[PDB]
Each structure stands twice: as structure tokens, then as C-alpha cells.
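Residue 133 in the authors' numbering sits at position 106 of the sequence shown, with consecutive numbering throughout.
Ideal Cβ positions, reconstructed from N, Cα and C, are used throughout, including at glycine.
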Amino acid sequence: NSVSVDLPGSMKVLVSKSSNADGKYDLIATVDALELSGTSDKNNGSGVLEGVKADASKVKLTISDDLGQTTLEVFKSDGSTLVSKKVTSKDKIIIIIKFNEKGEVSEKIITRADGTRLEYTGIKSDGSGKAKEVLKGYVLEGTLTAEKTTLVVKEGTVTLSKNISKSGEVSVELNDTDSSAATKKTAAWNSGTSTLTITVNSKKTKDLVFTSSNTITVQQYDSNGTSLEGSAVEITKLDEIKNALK
């Protein structure tokens, strides 16, 4: 009989073994106890399924033709206005959006394949909101504008700002209001290696690397201020970022 097909987003769909009079395949799925059904032009589990929640909300599951992406949408009872939209893409990133009563984006949570997250909440009509990055072991907090996300850590008179542009590019800056020339931190960002180099009293002191694995590492320079020493240590807690800023 029907064929079970594995789907992105931790779902299954059953597709009929054979097509109907019109050449179309029947689809059924159950998602958290809700039964969905549909028909498809294809025989592989792709297509659209629909159902209706107990509270009359409409639900649609759309499975891309190559099975790489699923979209699970919930609408108000007439089916016109979105309430939520979950997309699991072929790179296994999950994006879940919640909408306000008008169907405008109000929250967006991005879960990367490694489990780290970007959380955007209280989003307003200008694309501003609150931002958090949830990393392994700690969380960074800040704000969203239509230009960039800025996540901030403060220690003493130092403010570290991690920026994520609208297009996803990471850059980092450091600003210190310390009135002592002997202790004031400055830093330079190297986009080529995603590394922030901190200087104090005209010598390099540390490299902070913002890795492609969504981690931060810290490594010290020798007293010469020119060669790195030892080996980089991965940050495990927000307290350790603050330590690097001392």
C-alpha cells in the first residue's frame, strides 16, 4: 500500500502507491495529532497537504518537489491571514515566524543546523526589535534594526559590539571610554579572518576569533605584542567574554 516518506522538519508523509484517474497521488500526514491531506502531481511525497485545527485555524504543509524543504503554515479561520510559518530548508536551518493580528512579522527564530539560534522578538513595522543569539553555553543580547543586528557585552568602560548585517555578515567592534591612556583598550577587525585584535598601550594583547562554527575563541600575544602565544581557548560562558575585555 502507501509509501512512507521521511521529511525535513521531523515529519512523515504517506503517498499513495498509484495515481488516481487524473494522474494525481493522494497524500496524508499527521503532525502533532492533526490530520492533513492533499493531492499531488508527483509520486515522491512532495506537494501540499491541508487540515484544520480544533479552533478552526487552517494549516498547510508544503513539501518542495525534491523533498529538501518543508513549510508548515497556520492561518486564521478564513485562511487569509498568517498566524505562523515554519520553514525547514535543505541546509536544515529552521526559521519560525509569528505574525500579529494583521499578518505582519512580529517574531522570527532562526535555528542553525548546529542548534545555535538567532531570536528576533517584538518586531515593529520598521523592522526594528529585540535580538538574542543563543550559543553553546551562553547567550548574547542586543537589538535589531533594518540595517543590522547588534549584540552587546559590557565590562568596565569597554563595550563589545557584534554586528550582523541585514545580509548576514558578521563584524565586531570595541569601544572603551577609559580616560587612562595606559589601560584603554582599542581593537581592529580583520574581515579576512573574522578576528578582532585588541591593543593596550600600543601592543597587541589578544585575538578574539568569531568562528564559522558560531563560537568565540581567545588567544593572547607574547609580551612582544607581535607573536601569538600558546593556543586559542574557546569561550564557554558570557563571564569569559567579559574576562577577555578586562
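| Check | Outcome |
| --- | --- |
| The segment 144-164 touching the segment 245-257, judged by at least three CB pairs closer than 8 Å | no |
| Three CB pairs or more closer than 8 Å across the segment 165-184 and the segment 197-210 | yes |
| Short Cβ contact (8 Å threshold) for residue 222 with residue 201 | no |
| Contained beta strand (DSSP E) runs [length at least 3] in the segment 137-206, N- to C-terminal order | 144-148, 156-162, 165-171, 175-182, 185-192, 197-203 |
| Beta-carbon separation (whole angstroms), residue 86 vs residue 101, contact threshold 8 Å | 5 Å |
| Residue 53 in three-state terms, based on DSSP | strand |
| Assigned secondary structure, residue 121 (DSSP; H/G/I helix, E/B strand, else coil) | strand |
| Residues bridged to residue 31 (per DSSP) | 41 |
| Straight-line gap, residue 94 to residue 37 (C-alpha atoms, nearest Å) | 12 Å |
| Cut-off 7 Å between Cβ atoms - residues of its own chain near residue 152, not counting five sequence neighbours on either side | 131 |
| Beta-carbon contacts of residue 44 that lie in its chain and below 7 Å, excluding the five residues immediately before and after | 28, 29, 30 |
| Contact belief for residue 54 with residue 46 at Cβ below 8 Å, rounded distance in angstroms | That belief does not hold up - the Cβ atoms of residue 54 and residue 46 are roughly 12 Å apart, past 8 Å. |
| Rounded C-alpha distance that separates residue 58 from residue 66 | 17 Å |
| Below-8 Å beta-carbon distance, residue 53 vs any chain C residue | The displayed structure is made up of one protein chain only, and chain C is not part of it. |
| Short Cβ contact (8 Å threshold) for residue 189 with residue 171 | no |
| DSSP state of residue 266 mapped onto helix, strand, coil | helix |
| For residue 81, three-class secondary structure by DSSP | coil |
| Short Cβ contact (8 Å threshold) for residue 78 with residue 42 | no |
| Per-residue DSSP class, three states only, for residue 209 | coil |
| Secondary structure of residue 271, DSSP reduced to three states | helix |
| Straight-line Cα distance separating residue 110 from residue 39 | 23 Å |
| Cβ-based neighbour list, residue 113, same chain, cut-off 6 Å, excluding 5 preceding and 5 following | 99, 123 |
| Cβ distance (whole Å) where residue 143 is taken to contact residue 161 below 8 Å | 6 Å |
| Beta-ladder partner(s) of residue 234, from DSSP | 224, 246 |
| Distance between beta carbons of residue 213 and residue 226, contact taken as under 8 Å | 5 Å |
| Three-state secondary structure assigned by DSSP to residue 113 | strand |
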